[PDB]
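What follows is a single chain, given as structure tokens, in the form deposited in one PDB entry.
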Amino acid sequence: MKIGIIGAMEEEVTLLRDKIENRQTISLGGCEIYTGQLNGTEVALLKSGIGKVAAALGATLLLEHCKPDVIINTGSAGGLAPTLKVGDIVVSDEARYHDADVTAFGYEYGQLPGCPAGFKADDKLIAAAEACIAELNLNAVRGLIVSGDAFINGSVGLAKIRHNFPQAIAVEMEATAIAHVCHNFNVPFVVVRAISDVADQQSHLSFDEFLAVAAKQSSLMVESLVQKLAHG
């Protein structure tokens, strides 16, 4: 059982990278992949870079080059659900592009031709993630996570996302790309991110101040999820 883990920023993968034993590093297509075991479990950790294309490139290499069984996307996110606070966890049951638009031809907003309107996360990955959340007494929300190539900082950007996806519990920039690639390779995935800001007018400041806290919380959650998938 090999578990793939994808993080966008170094800060989001560094703590996990530090724990990987029998660690080997591969530099490819401008990305870095770290293989080895995390607390006894075989993993493949990828630092992709920010945005949809970087994450897609990275996920593609990870899949074709290491062949993981499942993909877990870790990292930070802007919280949209009213119950969310910095440090809290968001688990995807689904991912959709909030910035894709081909409605001129009758596709659903957010949907790209040749893809389903939304990519569903894997049920077992979701259940495991949630049992970890319960065992660690974490505050979390499960639901629609939307991705785009823009940092949401209130104003018009936030308004468009609320209009098109009022039920989105969070927004970020790599999730759906990873889901899309996993979809094309028939690989199950799940997003498990921690909130660094609430995508409003002060989100840049909040991101500066809470990225580290978000990276650590999601990172700990990924660690527990790996262990739970590996030994029930």
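Residue numbers run from 1 along the displayed sequence.
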property: Of 133-141 and 69-77, the stretch whose C-alpha atoms average the higher B-factor in the entry; result: 133-141
property: Of 98-106 and 155-163, the stretch whose C-alpha atoms average the higher B-factor in the entry; result: 155-163
property: Top Cα B factor in the deposited entry, candidates 196, 48, 186, 60; result: 186
property: Residue selected from 168, 205, 175, 54 by maximal Cα B factor; result: 205
property: Residue 6 CA temperature factor, ranked by third within the chain; result: middle
property: For residue 82, the third of its chain into which the C-alpha B factor falls; result: highest
property: Third of the chain's Cα B-factor distribution that residue 44 belongs to, per the entry; result: middle
property: Ranked against its chain, the third holding the CA B-factor of residue 38; result: middle
property: Third of the chain's Cα B-factor distribution that residue 88 belongs to, per the entry; result: middle
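Heads up, the form deposited in another entry isn't pictured, but that's what we're talking about next.
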| query | finding |
| --- | --- |
| Cα-Cα shift for residue 54 and residue 12, closer or farther in the other entry, minimum 3 Å | farther |
| Distance trend in the other entry - C-alpha atoms of residue 52 and residue 12, change of 3 Å or more | farther |
